[PDB]
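Here the structure is laid out as structure tokens; the discussion comes afterwards.
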Amino acid sequence: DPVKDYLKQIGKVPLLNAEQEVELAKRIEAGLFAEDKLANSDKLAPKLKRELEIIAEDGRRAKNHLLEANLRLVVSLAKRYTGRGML
DNA sequence: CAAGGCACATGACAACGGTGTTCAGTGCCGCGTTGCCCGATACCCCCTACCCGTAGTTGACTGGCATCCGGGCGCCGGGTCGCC
């Protein structure tokens, strides 16, 4: 029962291709640099800090895009490795 | 014939005889309470074969696993659907 609901929760999400995934990774590194700059104790402009924060949030969104995409692969591997004592 | 003079013994007189006593001291030779001298054993030390925790492994490899019955009865009780 619950696994059916989790597979439903996976539902339909956009699968990832080479161009989409590499663009997402580019946004990820952009956001990582943005939060790096934010974490620096040096004073930064307020609007600049908000720009860095929003790109970091967009990178987080990209992260969840990758994870929600590859839930299907990880459950495939789980099927490969299940039935040996753990749930 | 009576009174006065000499022998032997005699009332006491201490001091020896000999033995068993008073202190008292110190041992004599049987029973006890603690000194040896060791010997062992508990407590520190160093490192090392192994136990246990963590870090990676670049073709790709994108939804499981189901259940499946001959009770059977019987009721309660409520939920959902039907009626209108």
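Each chain of the structure tokens is named A, B, ... in the order shown, its residues numbered from 1; ligands are numbered from 1 in display order.
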Dump as JSON lines the rows for residues of chain B within 9 Å of range 64-80 of chain A: closest atom pair and distance in Å with one decimal, only C-alpha atoms (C1' of nucleotides) counted, ordered by chain and rising residue number.
{"residue": "B:62", "atom": "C1'", "partner": "A:73", "partner_atom": "CA", "distance": 4.1}
{"residue": "B:63", "atom": "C1'", "partner": "A:72", "partner_atom": "CA", "distance": 6.3}
{"residue": "B:64", "atom": "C1'", "partner": "A:79", "partner_atom": "CA", "distance": 6.9}
Gap from CA of residue 60 in chain A to CA of residue 10 in chain A - Å, one decimal
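About the pair CA of residue 60 in chain A and CA of residue 10 in chain A: they are 18.3 Å apart.
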Provide the CA of residue 53 in chain A to CA of residue 9 in chain A distance in Å, to one decimal place.
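So the answer is 28.6 Å.
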Excluding residue 51 in chain A and any residue of its chain fewer than 4 positions from it, enumerate the residues within 10 Å of it, using only C-alpha atoms (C1' of nucleotides), and give them as a ChimeraX atom specification.
/A:31,34,38,45-47,55-57
Between B:14, B:66, B:45, B:7, which one has atoms that come closest to residue 3 in chain A, using only C-alpha atoms (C1' of nucleotides)?
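Residue with the minimum atom-to-atom distance to residue 3 in chain A: B:66.
Interatomic distance, CA of residue 33 in chain A to CA of residue 16 in chain A: 23.5 Å.
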Which of chain A end up as alpha helix (DSSP H) when DSSP is run on this backbone - answer as a PyMOL selection string?
chain A and resi 2-10+18-39+46-81
I need the residue nearest chain B from this list: A:2, A:15, A:44, A:25. Use only C-alpha atoms (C1' of nucleotides) for the distance.
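For chain B, the nearest of the candidates is A:15.
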